[PDB]
Amino acid sequence: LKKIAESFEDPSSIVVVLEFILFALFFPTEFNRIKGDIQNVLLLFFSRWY
Amino acid sequence: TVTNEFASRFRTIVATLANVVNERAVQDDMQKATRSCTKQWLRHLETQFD
(Lines give C-alpha, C1' and ligand atoms only; values in the text may rest on other atoms or scores of the structure.)
Protein backbone atom coordinates (compact mmCIF):
# COMPACT_ATOMS: atom_id res chain seq x y z
CA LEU A 1 0.00 0.00 0.00
CA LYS A 2 1.20 3.50 -0.92
CA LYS A 3 1.79 5.05 2.51
CA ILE A 4 -0.88 7.55 3.55
CA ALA A 5 0.58 9.59 6.41
CA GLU A 6 -1.65 11.84 8.56
CA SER A 7 -2.88 12.35 12.13
CA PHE A 8 -6.57 12.25 13.07
CA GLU A 9 -7.66 15.25 15.16
CA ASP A 10 -10.53 17.14 13.55
CA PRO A 11 -13.88 15.27 13.38
CA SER A 12 -13.66 16.12 9.66
CA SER A 13 -10.65 13.79 9.28
CA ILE A 14 -13.09 10.87 8.90
CA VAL A 15 -12.51 11.06 5.11
CA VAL A 16 -9.24 9.08 5.43
CA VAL A 17 -11.11 6.38 7.39
CA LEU A 18 -14.09 6.30 5.01
CA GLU A 19 -11.68 5.94 2.07
CA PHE A 20 -10.87 2.36 3.13
CA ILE A 21 -14.47 1.39 3.97
CA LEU A 22 -15.26 2.32 0.36
CA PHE A 23 -12.17 0.66 -1.17
CA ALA A 24 -12.86 -2.58 0.74
CA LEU A 25 -16.31 -2.82 -0.91
CA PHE A 26 -15.26 -2.49 -4.57
CA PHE A 27 -12.13 -4.63 -4.67
CA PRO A 28 -12.42 -7.29 -1.93
CA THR A 29 -9.76 -9.34 -3.76
CA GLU A 30 -7.20 -6.50 -3.74
CA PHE A 31 -8.11 -5.36 -0.21
CA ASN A 32 -7.48 -8.95 0.95
CA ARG A 33 -3.77 -8.68 0.09
CA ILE A 34 -2.87 -5.30 1.61
CA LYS A 35 -5.26 -5.63 4.58
CA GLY A 36 -2.00 -5.91 6.52
CA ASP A 37 -0.71 -2.33 6.54
CA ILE A 38 -4.10 -0.74 5.77
CA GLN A 39 -4.72 -2.14 9.26
CA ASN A 40 -1.86 -0.40 11.10
CA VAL A 41 -2.57 3.04 9.60
CA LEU A 42 -6.13 2.50 10.90
CA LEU A 43 -4.91 1.12 14.25
CA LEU A 44 -3.49 4.64 14.71
CA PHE A 45 -7.05 5.98 14.29
CA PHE A 46 -8.28 3.77 17.15
CA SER A 47 -5.72 5.05 19.67
CA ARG A 48 -6.81 8.66 19.17
CA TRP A 49 -10.62 8.55 19.36
CA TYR A 50 -11.29 5.51 21.54
CA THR B 1 6.55 -0.17 21.28
CA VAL B 2 3.97 0.31 18.49
CA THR B 3 2.81 3.73 19.68
CA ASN B 4 5.46 5.48 21.80
CA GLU B 5 4.73 5.36 25.54
CA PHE B 6 6.11 8.68 26.89
CA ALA B 7 3.79 10.69 24.60
CA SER B 8 0.70 8.62 25.48
CA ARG B 9 1.10 9.74 29.11
CA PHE B 10 0.91 13.37 27.92
CA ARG B 11 -2.47 12.58 26.32
CA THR B 12 -3.88 11.89 29.80
CA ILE B 13 -2.71 15.34 30.96
CA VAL B 14 -4.62 17.05 28.12
CA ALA B 15 -7.56 14.61 28.48
CA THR B 16 -8.42 15.76 32.02
CA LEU B 17 -6.87 19.27 32.05
CA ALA B 18 -9.25 20.23 29.22
CA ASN B 19 -12.22 18.94 31.25
CA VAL B 20 -11.34 21.54 33.91
CA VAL B 21 -11.46 24.33 31.29
CA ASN B 22 -15.13 23.58 30.48
CA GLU B 23 -16.32 24.40 34.02
CA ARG B 24 -15.24 28.01 33.40
CA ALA B 25 -17.08 28.24 30.08
CA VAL B 26 -20.27 27.22 31.93
CA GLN B 27 -20.01 29.97 34.57
CA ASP B 28 -18.83 32.63 32.11
CA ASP B 29 -20.80 30.74 29.41
CA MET B 30 -19.48 32.02 26.08
CA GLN B 31 -21.00 31.12 22.70
CA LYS B 32 -19.98 27.72 21.26
CA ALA B 33 -17.55 29.35 18.80
CA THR B 34 -15.34 30.66 21.66
CA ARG B 35 -15.32 27.52 23.85
CA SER B 36 -14.65 25.49 20.68
CA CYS B 37 -11.68 27.48 19.33
CA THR B 38 -9.80 26.77 22.59
CA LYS B 39 -10.65 23.05 22.81
CA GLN B 40 -9.40 22.92 19.21
CA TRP B 41 -6.03 24.46 20.17
CA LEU B 42 -5.25 21.67 22.66
CA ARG B 43 -5.67 19.20 19.78
CA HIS B 44 -2.91 20.86 17.74
CA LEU B 45 -0.71 21.40 20.81
CA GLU B 46 -0.91 17.73 21.85
CA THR B 47 -0.47 16.29 18.33
CA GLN B 48 2.81 18.23 18.02
CA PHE B 49 4.18 16.49 21.14
CA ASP B 50 3.68 13.16 19.31
# chains A, B, ... in the order shown; residues from 1 in each chain; ligands from 1
call {"tool": "residues_around", "arguments": {"residues": "residue A:48", "least_positions_apart": "5", "cutoff": "12 Å", "atoms": "only C-alpha atoms", "output": "list in words"}}
result
residues 7, 8, 9, 10, 11, 13, 41, 42 and 43 of chain A; 3, 8, 11, 12, 15, 43, 46, 47 and 50 of chain B
call {"tool": "atom_distance", "arguments": {"atom1": "atom CA of residue B:1", "atom2": "atom CA of residue B:17"}}
result
26.0 Å
call {"tool": "atom_distance", "arguments": {"atom1": "atom CA of residue B:19", "atom2": "atom CA of residue B:45"}}
result
15.7 Å
